[PDB]
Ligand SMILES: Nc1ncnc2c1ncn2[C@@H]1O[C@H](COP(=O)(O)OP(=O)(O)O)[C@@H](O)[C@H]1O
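This document opens with one chain alone, in structure tokens, the form solved without the named molecule.
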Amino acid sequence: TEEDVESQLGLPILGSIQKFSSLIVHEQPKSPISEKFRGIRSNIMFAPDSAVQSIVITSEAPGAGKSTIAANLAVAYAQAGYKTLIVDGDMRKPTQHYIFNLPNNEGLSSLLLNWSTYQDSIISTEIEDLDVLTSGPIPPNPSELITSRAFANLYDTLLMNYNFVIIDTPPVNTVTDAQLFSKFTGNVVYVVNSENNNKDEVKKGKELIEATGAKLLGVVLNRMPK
């Protein structure tokens, strides 16, 4: 199935994740699934002259499990020794505060608008070397925030303070938020729901990501069978 997707979509497979509290890499660190997350990490970082310090994670459509992939990949980076930040850049339908069991009264949107401080907006989790910047309150104008000087300045600060930054984003099919964040990271990981029978959507997502000019590092195939 992996080889089918690699050829039909024309992208390398960074890893395939079987169907499977969300944080399997933390709760079951020796599991074969957790090892596949470590394989994704390794495939991103060892692919010579790439210096990847940050990535956008997006998907072809809603319901692909993208946010769970992003969170577990962040745990894998932290376990490998990277001081890691996961940013919930989906300010429309945020989920990282649910995944990590955190409040969402302060986060990305409030930080950018000066309603909360840097120090208050980023939370250190109970997992060593893993911090989370939740989305904050839902703004009426998310794309304006992403393209603001405020975000450009924040991004520079994050690169000073973290060895690796992962930005979860909305799916790429209807809004351009993922593309706008890709200006900053220069790098995108594409989560594809293997259960999605609409291959036009899968192919279109690749096209949309490539149109940014960012490096499409490869695909994470999710919800694979045993």
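Residue indices: 1-based, along the sequence shown.
Not on display, but discussed next: the form solved in complex with the named molecule.
Remark: none of the three candidate residues (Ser50, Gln53 and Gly186) comes within 4.5 Å of the named molecule in the bound PDB entry, counting heavy atoms only.
Comment: 55-63 is the region of 154-162, 197-205, 174-182, 55-63 lying near the named molecule in the bound PDB entry, near meaning a non-hydrogen atom within 4.5 Å. The named molecule in the bound PDB entry comes within 4.5 Å of a heavy atom belonging to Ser22. In the bound PDB entry, the named molecule lies farther than 4.5 Å from every heavy atom of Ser34.
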